[PDB]
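**Q** Below you'll find protein38.cif; it's mmCIF, C-alpha atoms and all ligand atoms.
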```
data_structure
#
loop_
_atom_site.label_atom_id
_atom_site.label_comp_id
_atom_site.auth_asym_id
_atom_site.auth_seq_id
_atom_site.Cartn_x
_atom_site.Cartn_y
_atom_site.Cartn_z
CA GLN A 127 0.00 0.00 0.00
CA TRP A 128 2.90 2.41 0.75
CA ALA A 129 6.19 3.13 -1.01
CA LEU A 130 8.73 5.97 -0.85
CA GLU A 131 7.64 7.12 -4.38
CA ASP A 132 4.30 8.26 -2.81
CA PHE A 133 6.16 10.94 -0.77
CA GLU A 134 8.09 14.16 -1.39
CA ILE A 135 10.75 14.49 1.28
CA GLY A 136 11.44 17.88 2.81
CA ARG A 137 13.92 18.78 5.52
CA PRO A 138 15.10 16.95 8.61
CA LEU A 139 13.08 17.28 11.78
CA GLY A 140 15.43 15.29 14.03
CA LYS A 141 18.08 12.53 13.94
CA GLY A 142 18.39 8.98 15.28
CA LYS A 143 19.08 6.69 17.15
CA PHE A 144 17.87 3.96 14.74
CA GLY A 145 16.90 6.77 12.36
CA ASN A 146 15.97 10.29 11.29
CA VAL A 147 12.58 12.02 10.94
CA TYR A 148 11.94 14.11 7.86
CA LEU A 149 9.12 16.43 6.86
CA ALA A 150 7.37 14.96 3.85
CA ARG A 151 4.28 15.43 1.71
CA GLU A 152 2.21 12.64 0.23
CA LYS A 153 2.14 13.25 -3.54
CA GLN A 154 -1.46 12.40 -4.25
CA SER A 155 -3.25 14.05 -1.32
CA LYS A 156 -0.66 16.88 -0.63
CA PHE A 157 -1.02 15.78 3.05
CA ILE A 158 1.97 17.08 5.11
CA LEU A 159 3.35 14.50 7.57
CA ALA A 160 6.57 13.26 9.09
CA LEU A 161 8.59 10.18 8.03
CA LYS A 162 10.69 8.32 10.52
CA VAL A 163 13.35 6.39 8.50
CA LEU A 164 14.91 3.58 10.46
CA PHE A 165 17.75 1.46 8.97
CA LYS A 166 17.13 -2.39 9.15
CA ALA A 167 20.80 -2.83 10.08
CA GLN A 168 20.73 -0.95 13.42
CA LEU A 169 17.39 -2.45 14.30
CA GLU A 170 18.84 -5.94 13.75
CA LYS A 171 22.15 -5.10 15.53
CA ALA A 172 20.44 -3.62 18.62
CA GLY A 173 17.80 -6.42 18.31
CA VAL A 174 14.68 -4.19 18.51
CA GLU A 175 12.58 -5.37 15.44
CA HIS A 176 10.30 -7.15 17.95
CA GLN A 177 9.60 -4.01 20.13
CA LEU A 178 9.23 -1.82 17.04
CA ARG A 179 6.54 -4.12 15.68
CA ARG A 180 4.97 -3.88 19.15
CA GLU A 181 5.13 -0.06 19.38
CA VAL A 182 3.69 0.27 15.81
CA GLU A 183 0.82 -2.09 16.64
CA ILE A 184 0.02 -0.21 19.89
CA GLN A 185 0.41 3.34 18.34
CA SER A 186 -1.71 2.69 15.20
CA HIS A 187 -4.89 1.86 17.31
CA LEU A 188 -4.63 4.84 19.69
CA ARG A 189 -6.84 7.88 19.05
CA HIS A 190 -6.46 10.83 21.34
CA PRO A 191 -5.79 14.46 20.56
CA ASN A 192 -2.66 14.41 22.95
CA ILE A 193 -1.16 11.34 21.33
CA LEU A 194 0.76 11.52 18.07
CA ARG A 195 -0.98 9.48 15.29
CA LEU A 196 0.88 6.77 13.32
CA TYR A 197 -0.95 6.64 9.99
CA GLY A 198 0.93 3.65 8.50
CA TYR A 199 4.31 2.06 7.67
CA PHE A 200 6.35 0.28 4.96
CA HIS A 201 9.84 -1.03 4.35
CA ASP A 202 12.47 -1.39 1.69
CA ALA A 203 15.37 -3.78 1.45
CA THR A 204 17.38 -1.49 3.72
CA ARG A 205 14.83 0.69 5.57
CA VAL A 206 11.67 0.77 7.60
CA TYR A 207 9.53 3.90 7.26
CA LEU A 208 6.88 5.10 9.72
CA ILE A 209 4.28 7.61 8.57
CA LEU A 210 3.65 9.90 11.48
CA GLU A 211 1.57 12.95 12.18
CA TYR A 212 3.66 16.17 11.84
CA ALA A 213 3.59 18.33 14.99
CA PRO A 214 4.44 21.81 13.60
CA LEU A 215 5.62 23.47 16.88
CA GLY A 216 8.35 21.01 17.65
CA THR A 217 9.60 19.41 20.81
CA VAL A 218 8.87 20.53 24.39
CA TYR A 219 12.50 19.71 24.90
CA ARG A 220 13.48 22.57 22.55
CA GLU A 221 10.81 24.94 23.80
CA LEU A 222 12.33 24.39 27.26
CA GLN A 223 15.86 25.13 26.03
CA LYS A 224 14.51 28.40 24.59
CA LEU A 225 12.62 29.53 27.71
CA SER A 226 14.86 28.10 30.44
CA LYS A 227 11.70 26.96 32.33
CA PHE A 228 7.93 27.44 32.23
CA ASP A 229 5.52 29.46 34.28
CA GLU A 230 2.73 27.74 36.26
CA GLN A 231 0.05 28.22 33.66
CA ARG A 232 1.96 26.49 30.88
CA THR A 233 3.15 23.75 33.27
CA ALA A 234 -0.37 23.04 34.68
CA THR A 235 -1.70 22.97 31.09
CA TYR A 236 0.92 20.53 29.91
CA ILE A 237 0.34 18.31 32.94
CA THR A 238 -3.48 18.29 32.32
CA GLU A 239 -2.88 17.39 28.64
CA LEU A 240 -0.43 14.68 29.66
CA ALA A 241 -2.63 13.19 32.46
CA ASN A 242 -5.56 13.04 30.04
CA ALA A 243 -3.48 11.22 27.45
CA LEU A 244 -2.27 8.85 30.16
CA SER A 245 -5.88 8.17 31.47
CA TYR A 246 -6.81 7.22 27.89
CA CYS A 247 -3.65 5.07 27.73
CA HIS A 248 -4.16 3.30 31.08
CA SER A 249 -7.82 2.64 30.20
CA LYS A 250 -6.40 0.30 27.49
CA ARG A 251 -3.74 -0.98 29.96
CA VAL A 252 -0.90 0.74 28.06
CA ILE A 253 1.90 2.17 30.25
CA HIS A 254 4.13 4.58 28.40
CA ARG A 255 7.32 4.45 30.49
CA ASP A 256 9.27 6.90 28.27
CA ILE A 257 7.51 10.26 28.87
CA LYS A 258 10.29 12.86 28.51
CA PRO A 259 10.59 16.31 26.93
CA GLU A 260 12.38 14.92 23.80
CA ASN A 261 9.21 12.70 23.26
CA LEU A 262 6.70 15.46 23.69
CA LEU A 263 5.61 17.38 20.65
CA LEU A 264 3.52 20.45 20.24
CA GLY A 265 0.62 20.72 17.74
CA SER A 266 -0.33 23.92 15.82
CA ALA A 267 -2.53 25.17 18.68
CA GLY A 268 0.54 24.60 21.00
CA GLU A 269 -1.14 21.46 22.45
CA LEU A 270 1.06 18.70 23.85
CA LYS A 271 1.26 15.43 22.01
CA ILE A 272 2.98 12.31 23.22
CA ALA A 273 5.24 10.60 20.71
CA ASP A 274 7.82 7.81 20.77
CA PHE A 275 5.70 4.92 22.09
CA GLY A 276 8.68 2.55 22.00
CA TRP A 277 9.86 1.33 25.40
CA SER A 278 6.22 0.79 26.45
CA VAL A 279 4.53 -2.57 27.14
CA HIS A 280 1.08 -3.94 28.11
CA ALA A 281 1.11 -3.63 31.99
CA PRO A 282 2.91 -4.94 34.10
CA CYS A 290 17.94 2.58 27.86
CA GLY A 291 19.84 5.91 28.09
CA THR A 292 19.58 8.46 30.92
CA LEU A 293 17.57 7.33 34.00
CA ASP A 294 16.12 10.69 35.01
CA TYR A 295 12.47 9.88 34.26
CA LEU A 296 12.35 6.32 35.69
CA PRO A 297 10.80 5.41 39.01
CA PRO A 298 12.69 3.45 41.72
CA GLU A 299 10.79 0.14 41.19
CA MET A 300 11.87 0.18 37.57
CA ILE A 301 15.56 1.08 37.95
CA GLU A 302 15.78 -1.70 40.61
CA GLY A 303 14.25 -4.11 38.07
CA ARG A 304 11.18 -4.81 40.31
CA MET A 305 7.43 -5.14 39.46
CA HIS A 306 5.92 -2.00 37.92
CA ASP A 307 2.35 -1.00 36.99
CA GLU A 308 0.56 2.19 35.75
CA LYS A 309 1.86 4.09 38.76
CA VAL A 310 5.12 4.41 36.87
CA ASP A 311 3.66 7.07 34.61
CA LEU A 312 2.63 9.04 37.73
CA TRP A 313 6.20 9.23 38.84
CA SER A 314 7.18 10.46 35.35
CA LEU A 315 4.63 13.28 35.57
CA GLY A 316 6.14 14.48 38.85
CA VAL A 317 9.57 14.50 37.16
CA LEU A 318 8.05 16.50 34.23
CA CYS A 319 6.18 18.83 36.40
CA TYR A 320 9.51 19.50 38.26
CA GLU A 321 11.58 19.92 35.10
CA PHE A 322 9.02 22.28 33.52
CA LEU A 323 9.03 24.62 36.55
CA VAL A 324 12.77 24.42 37.48
CA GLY A 325 14.34 23.86 34.03
CA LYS A 326 16.09 20.58 34.91
CA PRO A 327 14.80 17.20 36.22
CA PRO A 328 14.87 16.65 39.99
CA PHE A 329 17.57 13.89 40.05
CA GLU A 330 19.99 15.22 37.37
CA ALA A 331 23.64 14.35 38.16
CA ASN A 332 26.84 14.19 36.21
CA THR A 333 26.82 10.44 36.15
CA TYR A 334 24.35 7.67 35.69
CA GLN A 335 25.56 6.22 38.95
CA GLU A 336 24.81 9.32 41.07
CA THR A 337 21.30 9.74 39.31
CA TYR A 338 20.54 6.05 40.21
CA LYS A 339 21.34 6.86 43.89
CA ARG A 340 19.31 10.12 43.88
CA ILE A 341 16.23 8.29 42.36
CA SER A 342 16.46 5.17 44.65
CA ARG A 343 16.74 7.45 47.69
CA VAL A 344 14.23 10.13 46.34
CA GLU A 345 16.57 13.05 46.87
CA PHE A 346 15.32 16.28 45.38
CA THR A 347 15.19 19.85 46.72
CA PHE A 348 12.98 22.69 45.47
CA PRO A 349 14.42 26.07 44.47
CA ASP A 350 12.78 29.10 46.12
CA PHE A 351 10.53 30.16 43.19
CA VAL A 352 8.55 26.88 43.43
CA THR A 353 5.18 27.53 45.03
CA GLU A 354 3.48 25.35 47.71
CA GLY A 355 0.77 24.03 45.40
CA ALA A 356 3.53 22.88 42.98
CA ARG A 357 5.55 21.47 45.87
CA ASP A 358 2.46 19.53 47.09
CA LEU A 359 1.67 17.82 43.77
CA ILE A 360 5.37 17.07 42.96
CA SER A 361 5.90 15.55 46.47
CA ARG A 362 2.69 13.48 46.08
CA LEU A 363 3.85 12.13 42.70
CA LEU A 364 7.46 11.46 43.68
CA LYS A 365 6.69 8.74 46.36
CA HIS A 366 8.85 5.57 46.51
CA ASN A 367 5.84 3.34 47.14
CA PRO A 368 3.88 3.25 43.88
CA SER A 369 0.86 2.65 46.05
CA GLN A 370 0.96 6.10 47.60
CA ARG A 371 1.09 7.92 44.23
CA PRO A 372 -2.28 9.52 43.45
CA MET A 373 -4.56 8.44 40.60
CA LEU A 374 -4.64 10.53 37.42
CA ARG A 375 -8.10 11.87 38.43
CA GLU A 376 -6.76 13.18 41.78
CA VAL A 377 -3.96 14.89 39.77
CA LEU A 378 -6.48 16.54 37.33
CA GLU A 379 -8.50 17.80 40.36
CA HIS A 380 -5.42 18.99 42.33
CA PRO A 381 -5.96 22.59 43.54
CA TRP A 382 -2.73 23.81 41.88
CA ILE A 383 -3.79 22.26 38.56
CA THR A 384 -7.46 23.50 38.65
CA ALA A 385 -6.21 27.00 39.54
CA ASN A 386 -3.47 27.28 36.82
CA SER A 387 -4.51 25.01 33.93
CA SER A 388 -6.68 25.70 30.81
CA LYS A 389 -9.95 23.91 29.58
CA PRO A 390 -12.16 23.85 26.38
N1 LIG A 401 6.36 13.65 14.15
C1 LIG A 401 7.04 14.80 14.42
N2 LIG A 401 6.65 16.01 14.10
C2 LIG A 401 7.70 16.75 14.56
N3 LIG A 401 7.76 18.12 14.41
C3 LIG A 401 8.84 18.89 14.56
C4 LIG A 401 8.71 20.20 14.12
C5 LIG A 401 9.78 21.09 14.31
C6 LIG A 401 11.02 20.72 14.80
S1 LIG A 401 12.22 21.87 14.84
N4 LIG A 401 11.87 23.10 15.74
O1 LIG A 401 12.31 22.25 13.45
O2 LIG A 401 13.34 21.21 15.25
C7 LIG A 401 11.19 19.38 15.20
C8 LIG A 401 10.11 18.49 15.10
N5 LIG A 401 8.71 16.06 15.07
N6 LIG A 401 8.24 14.82 14.96
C9 LIG A 401 8.92 13.70 15.38
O3 LIG A 401 8.48 12.58 15.17
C10 LIG A 401 10.17 13.95 16.14
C11 LIG A 401 10.21 13.64 17.44
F1 LIG A 401 9.14 13.05 17.96
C12 LIG A 401 11.34 13.93 18.20
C13 LIG A 401 12.43 14.51 17.57
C14 LIG A 401 12.37 14.83 16.24
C15 LIG A 401 11.23 14.55 15.52
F2 LIG A 401 11.13 14.85 14.22
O1 LIG A 402 13.15 -7.32 6.21
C1 LIG A 402 12.16 -7.28 6.91
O2 LIG A 402 11.18 -8.16 6.61
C2 LIG A 402 11.95 -6.35 8.05
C3 LIG A 402 10.72 -5.77 8.22
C4 LIG A 402 10.53 -4.88 9.32
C5 LIG A 402 9.22 -4.24 9.53
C6 LIG A 402 8.17 -4.50 8.65
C7 LIG A 402 6.93 -3.90 8.83
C8 LIG A 402 6.72 -3.03 9.90
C9 LIG A 402 7.78 -2.79 10.75
BR1 LIG A 402 7.50 -1.58 12.24
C10 LIG A 402 9.03 -3.37 10.60
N1 LIG A 402 11.50 -4.59 10.19
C11 LIG A 402 12.73 -5.19 10.01
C12 LIG A 402 13.75 -4.87 10.95
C13 LIG A 402 14.99 -5.42 10.82
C14 LIG A 402 15.24 -6.31 9.75
CL1 LIG A 402 16.81 -6.98 9.64
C15 LIG A 402 14.30 -6.65 8.83
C16 LIG A 402 13.01 -6.08 8.95
#
```
Represent the supplied structure as structure tokens.
Ligand SMILES: Nc1nc(Nc2ccc(S(N)(=O)=O)cc2)nn1C(=O)c1c(F)cccc1F
Ligand SMILES: O=C(O)c1cc(-c2cccc(Br)c2)nc2ccc(Cl)cc12
**A**
Amino acid sequence: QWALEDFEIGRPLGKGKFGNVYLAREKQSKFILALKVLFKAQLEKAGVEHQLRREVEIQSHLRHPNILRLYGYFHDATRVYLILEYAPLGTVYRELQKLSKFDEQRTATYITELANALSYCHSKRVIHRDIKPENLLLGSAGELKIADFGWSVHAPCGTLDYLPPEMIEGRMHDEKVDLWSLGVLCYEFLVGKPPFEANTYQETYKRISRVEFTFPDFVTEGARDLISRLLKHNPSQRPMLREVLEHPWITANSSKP
């Protein structure tokens, strides 16, 4: 059904990893989209063809306005191509580099968008596991969209900043993992760096396992309450997504249609 000849390739949007993403237009429909181009070689060498086929199967059925659509896929002798939705405002990662942190309104909005997408996800027993600013895209109305579904499996790596303790220790993990990740995002959005950043993987491991973060002065009590509630070692004490969406700090600072 799909072949490279159906697309006009524009410029690069980002680089792999297993491969690069390019802006592209489908020739017939003039539909603008993004093409992830993974090389079969790396995929084979890192042994991820199995997880990719998983991710692709998971991603193609999901329909939510805060989740990035996969429209389709194809492959050539030397490449696998994924046909993704193009998010025209880029990564949250890069937006954060530009602003050196977000105000409460933007943060509370992003966390609402994210918790909604995660409610939808958990209600199909899909745990993301990789929520991080490099995987968060922004649509044309500046709305957050989760991308990069790889690294996620039906319930129950590089830098370890976004992982909860029960996952870096190799233990059992459920949906509560994504709640930890939100607390790490919420922190990084407000402060400009994640709460357990360190110069080495080995220090970050320690900081996560022992739950060692301090708030700078500009962080308000309502932000400190929700972050502290999300960053609990016992997955059981983390709140549900609904408690998060109804948190007084969120309700007071977020945005709603
Ligand atoms: N699907 C998708 N759309 C975008 N949009 C986008 C728009 C602008 C820029 S910028 N400011 O030029 O660097 C970058 C990306 N990225 N994208 C991806 O899959 C994607 C991703 F998830 C992470 C990194 C790179 C990507 F390419
Ligand atoms: O030659 C193939 O049949 C091959 C196909 C695919 C693939 C096909 C459809 C969807 C998706 Br998602 C991936 N992935 C590969 C990854 C590595 C290697 Cl060595 C080969 C493949």
**Q** Figure out the distance between atom CA of residue 175 of chain A and atom CA of residue 247 of chain A, please, to one decimal in Å.
**A**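 About the pair atom CA of residue 247 of chain A and atom CA of residue 175 of chain A: they are 22.9 Å apart.
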**Q** Within 8 Å of ligand LIG 401 (chain A), counting all atoms listed in the file, which protein or nucleic acid residues do you find, written as a PDB file with C-alpha atoms, in the coordinates of the input?
**A**
```pdb
ATOM      1  CA  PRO A 138      15.100  16.950   8.610  1.00  0.00           C
ATOM      2  CA  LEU A 139      13.080  17.280  11.780  1.00  0.00           C
ATOM      3  CA  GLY A 140      15.430  15.290  14.030  1.00  0.00           C
ATOM      4  CA  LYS A 141      18.080  12.530  13.940  1.00  0.00           C
ATOM      5  CA  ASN A 146      15.970  10.290  11.290  1.00  0.00           C
ATOM      6  CA  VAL A 147      12.580  12.020  10.940  1.00  0.00           C
ATOM      7  CA  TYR A 148      11.940  14.110   7.860  1.00  0.00           C
ATOM      8  CA  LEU A 149       9.120  16.430   6.860  1.00  0.00           C
ATOM      9  CA  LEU A 159       3.350  14.500   7.570  1.00  0.00           C
ATOM     10  CA  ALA A 160       6.570  13.260   9.090  1.00  0.00           C
ATOM     11  CA  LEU A 161       8.590  10.180   8.030  1.00  0.00           C
ATOM     12  CA  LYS A 162      10.690   8.320  10.520  1.00  0.00           C
ATOM     13  CA  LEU A 194       0.760  11.520  18.070  1.00  0.00           C
ATOM     14  CA  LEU A 210       3.650   9.900  11.480  1.00  0.00           C
ATOM     15  CA  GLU A 211       1.570  12.950  12.180  1.00  0.00           C
ATOM     16  CA  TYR A 212       3.660  16.170  11.840  1.00  0.00           C
ATOM     17  CA  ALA A 213       3.590  18.330  14.990  1.00  0.00           C
ATOM     18  CA  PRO A 214       4.440  21.810  13.600  1.00  0.00           C
ATOM     19  CA  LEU A 215       5.620  23.470  16.880  1.00  0.00           C
ATOM     20  CA  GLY A 216       8.350  21.010  17.650  1.00  0.00           C
ATOM     21  CA  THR A 217       9.600  19.410  20.810  1.00  0.00           C
ATOM     22  CA  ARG A 220      13.480  22.570  22.550  1.00  0.00           C
ATOM     23  CA  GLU A 260      12.380  14.920  23.800  1.00  0.00           C
ATOM     24  CA  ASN A 261       9.210  12.700  23.260  1.00  0.00           C
ATOM     25  CA  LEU A 262       6.700  15.460  23.690  1.00  0.00           C
ATOM     26  CA  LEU A 263       5.610  17.380  20.650  1.00  0.00           C
ATOM     27  CA  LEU A 264       3.520  20.450  20.240  1.00  0.00           C
ATOM     28  CA  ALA A 273       5.240  10.600  20.710  1.00  0.00           C
ATOM     29  CA  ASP A 274       7.820   7.810  20.770  1.00  0.00           C
TER      30      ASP A 274
END
```
**Q** Can you work out which residues are within 7 Å of ligand LIG 402 (chain A), considering all atoms listed in the file, and then hand them over as a PyMOL selection string?
**A** chain A and resi 166-167+169-170+175+178-179+182+199-201+203+206
**Q** Using all atoms listed in the file, which of A:256, A:241, A:302, A:197 sits nearest residue 376 of chain A?
**A**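 Checking each candidate against residue 376 of chain A, we get A:241 as the closest.
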**Q** Considering all atoms listed in the file, return as a ChimeraX atom specification whatever protein or nucleic-acid residues lie within 10 Å of residue 202 of chain A, sequence-local ones (same chain, fewer than 6 positions apart) excluded.
**A** /A:129-130,165-166
**Q** Kindly indicate which residue among A:127, A:361, A:353, A:333 lies nearest to residue 292 of chain A, using only C-alpha atoms for the distances.
**A**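 Of all the options, A:333 lies closest to residue 292 of chain A.
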**Q** Find the distance between atom CA of residue 134 of chain A and atom CA of residue 218 of chain A and write it in Å to one decimal.
**A**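 Going from atom CA of residue 134 of chain A over to atom CA of residue 218 of chain A, I get 26.6 Å.
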**Q** Tell me which of A:268, A:142, A:282, A:349 sits closest to residue 221 of chain A, counting only C-alpha atoms.
**A**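 Distance minimum relative to residue 221 of chain A lands on A:268.
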**Q** Just give me the gap between atom CA of residue 173 of chain A and atom CA of residue 187 of chain A in Å, one decimal is fine.
**A**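 Separation of atom CA of residue 173 of chain A and atom CA of residue 187 of chain A: 24.2 Å.
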**Q** With distances taken over all atoms listed in the file, which of A:368, A:192, A:250, A:322 is nearest to residue 304 of chain A?
**A**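 Going through A:368, A:192, A:250, A:322 one by one, the smallest distance to residue 304 of chain A is for A:368.
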